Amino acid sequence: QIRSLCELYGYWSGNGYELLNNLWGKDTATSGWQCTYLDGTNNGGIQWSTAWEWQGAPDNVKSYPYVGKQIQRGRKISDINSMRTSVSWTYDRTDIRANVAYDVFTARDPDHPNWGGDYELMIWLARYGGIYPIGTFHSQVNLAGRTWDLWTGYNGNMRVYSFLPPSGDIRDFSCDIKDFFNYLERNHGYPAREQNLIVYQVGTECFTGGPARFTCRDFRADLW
């Protein structure tokens, strides 16, 4: 690895991306730890991984290590033209409680801290070990050439929209996240003209299990 980010909130940034050992829920674990590794910054993308083992509190997320696209504040979603992104990943085992997911926060306040927002949009690419998304299953949605199960609910005051694969995982994925925002704006009244982009990330929520390793073979994200 080029960098080993094993401290709580170990951080790297470069090439318009950032990488965080985001062990935000670690105090709910009885034992374990996790490290996030920068493997490369080749070809306008990021190559990274995270190794972990967590025990205790199986319904509690211990971490969401991620790679994020750095963004300027104040980009109203309505005026974002495109958010084209691709990811190729693997997990070394699937007998774990964990996901792989894009995470996007938006807020009316353009300076909202990156830990949350008024709304959250997740695009899940894996669902391992019987974990649940936020909220309840709403309906199926056709976007990005796939069918998704849309779940909706609340995490505190934040409205959360999660798009899940009906079955299996998606280890090689590309989409334009604006298609997902457009679907929510039209059919769910999502206030895109009032909402500012806060974060734009992909990573793995880790609940329990391991030793396990998530490898991101490549991540690219653009914003126009």
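Sequential numbering from 1, following the sequence displayed.
A.B. asks: Report the stretch with the higher mean CA temperature factor, choosing between 138-146 and 94-102 on the basis of the entry.
C.D. replies: It is 138-146 that shows the higher mean C-alpha B-factor.
A.B. asks: Compare the mean C-alpha B-factor of 42-50 with that of 63-71 as given in the PDB entry, and name the stretch with the higher value.
C.D. replies: Looking at the record's C-alpha B-factors, the answer is 42-50.
A.B. asks: From 57, 199, 170, 160, pick the one with the largest CA B-factor in the entry?
C.D. replies: Within the set 57, 199, 170, 160, 57 shows the top C-alpha B-factor.
A.B. asks: C-alpha B factor of residue 175, ranked within the chain: lowest, middle or highest third?
C.D. replies: Tercile = middle for this residue's CA B-factor.
A.B. asks: Once the chain's modelled residues are ordered by C-alpha B factor and cut into thirds, is residue 155 in the lowest, middle or highest one?
C.D. replies: CA B-factor rank for residue 155: highest third.
A.B. asks: So where's residue 164 on the chain's Cα temperature factor ranking, which third?
C.D. replies: Lowest third.
A.B. asks: Of the three thirds of its chain by CA temperature factor, lowest, middle or highest, which one includes residue 184?
C.D. replies: It falls in the bottom third of the chain.
A.B. asks: Split the chain's modelled residues into thirds by Cα B-factor; is residue 214 in the lowest, middle or highest one?
C.D. replies: CA B-factor rank for residue 214: lowest third.
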